[PDB]
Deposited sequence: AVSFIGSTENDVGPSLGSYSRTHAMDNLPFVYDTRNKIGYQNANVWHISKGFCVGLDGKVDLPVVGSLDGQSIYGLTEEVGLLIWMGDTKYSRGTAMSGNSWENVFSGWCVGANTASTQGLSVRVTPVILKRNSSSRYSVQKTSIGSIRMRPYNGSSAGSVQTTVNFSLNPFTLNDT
């Protein structure tokens, strides 16, 4: 079986966080992210993976993944995937993309399925010399049952919003 145990709306990164150091990528690691190991509770043979979707406009590209725009001077590189950040899948485009191939819980076991979203700020253009961004919707992630597993009427999708932040350029 499967049940939804997470939150529908989720914030990515600390509110009004400030980050210091074209296109220039800021090394924010996992600071601007959201991670939750327990979004769905699965059991008895349930097989599930994850699909991710970014709703932000694609304004460029870097090493194979999209640069999503926030403002005229600030953009983002985005990863979505399973709980552990190192499992993140680099996002491109605005379609649902497979971000976690998935796994199957044991026939006599109960476990959880989680997820993570991580972004890194990118300066597109310049100027003052600070750059502020307001809360912005990023996109969503939905569980993807497989192997004949079924979601029934269980909530399948959760959403993510980027908390406001400021970039100090010098």
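Which runs of the deposited chain sequence never show up in the coordinates?
The deposited sequence has unmodelled segments at 22-27, 134.
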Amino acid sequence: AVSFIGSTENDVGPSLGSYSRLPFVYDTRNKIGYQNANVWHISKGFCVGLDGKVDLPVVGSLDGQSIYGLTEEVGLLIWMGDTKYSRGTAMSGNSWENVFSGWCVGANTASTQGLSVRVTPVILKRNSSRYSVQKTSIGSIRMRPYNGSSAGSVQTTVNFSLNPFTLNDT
From here on, numbers count along this sequence of modelled residues.
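With respect to the recorded C-alpha B factors, which stretch has the higher mean value, 83-91 or 69-77?
It is 69-77.
Stretch with the higher entry mean CA B-factor, where the candidates are 36-44 and 130-138:
It is 130-138.
Maximum C-alpha temperature factor, selected from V105, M143, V122, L115
That would be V122.
Of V158, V154, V12, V25, which one's C-alpha B factor is largest in the deposited record?
When the deposited C-alpha B-factors of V158, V154, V12, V25 are compared, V25 is largest.
Determine, from the deposited record, the chain-internal third of the Cα B-factor for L56: lowest, middle or highest.
Middle third - that is where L56 ends up once the chain's C-alpha B-factors are sorted.
Among the modelled residues of its chain, does the C-alpha B-factor of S149 lie in the lowest, middle or highest third?
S149: CA B-factor falls in the lowest third of its chain.
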